[PDB]
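Just one chain follows, in the form deposited in one PDB entry, and it is written as structure tokens.
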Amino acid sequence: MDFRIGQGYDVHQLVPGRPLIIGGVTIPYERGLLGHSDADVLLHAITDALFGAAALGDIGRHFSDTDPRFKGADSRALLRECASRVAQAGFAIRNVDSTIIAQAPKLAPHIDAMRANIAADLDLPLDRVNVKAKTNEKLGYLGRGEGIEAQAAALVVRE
């Protein structure tokens, strides 16, 4: 009964010239996300929520851009290593929920694929992983298509 909650946030700029990768899914679009490696805003937010629930710090403390051990690691590899550390710290993951905020493109066709990737990386039943997606109603840098945000929540239990 030693439950803990975690929460996560990430945002990346959206400009022409890079692929759009969210939840491990490459999505055709005239723009993509800027950042180190694949810039997968959804997996980053979930990773931070899991480290947070385990009180293990954050994604930057575990996976430095300088560290050679993770030099060529994509965000799914980081999520799997996060899950390994959360387990070794004594915690079992109970569920993950999340939201992607992007004015475009439409993400609904890709939700099942993202959920499948996340559930595989976390070794969770599919019904314990949820991804939601919406626009920002044309408000702000998100509403103008200048970036994409992700939010995540995770529940774990100390075993």
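Residues that one form lacks are left out of the comparison. All residue numbers refer to positions in the sequence shown, first residue = 1. Each form is matched to the other, and the largest set of C-alpha atoms that superpose within 1.5 Å is called the rigid core.
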Mean temperature factor over C-alpha atoms, higher-scoring stretch between 84-92 and 68-76: 68-76
Between 22-30 and 129-137 (mean CA B-factor, as deposited), the higher: 22-30
Determine which member of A108, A49, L42, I118 has the highest CA B-factor, using the values in the deposited entry. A108
How does the C-alpha B factor of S37 compare with the rest of the chain: lowest, middle or highest third? highest
Position of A152 among the chain's modelled residues by C-alpha B-factor, lowest, middle or highest third: lowest
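Same protein, other form: the form deposited in another entry, not shown, and the subject of what follows.
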Kindly specify the one residue in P28, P109, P68, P125 whose Cα moves by 2 Å or more between this form and the one not shown, with superposition done on the rigid core. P68
Using the form shown as baseline, tell whether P68 and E81 are closer or farther in Cα-Cα distance in that other deposited form, where the change reaches 3 Å or more. farther
Direction of the Cα shift between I21 and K71 in that other deposited form, where the change is 3 Å or more: closer
Among residues found in both forms, what runs of at least 3 in a row have Cα shifts of 2 Å or more between this form and the one not shown after core fitting? 65-73
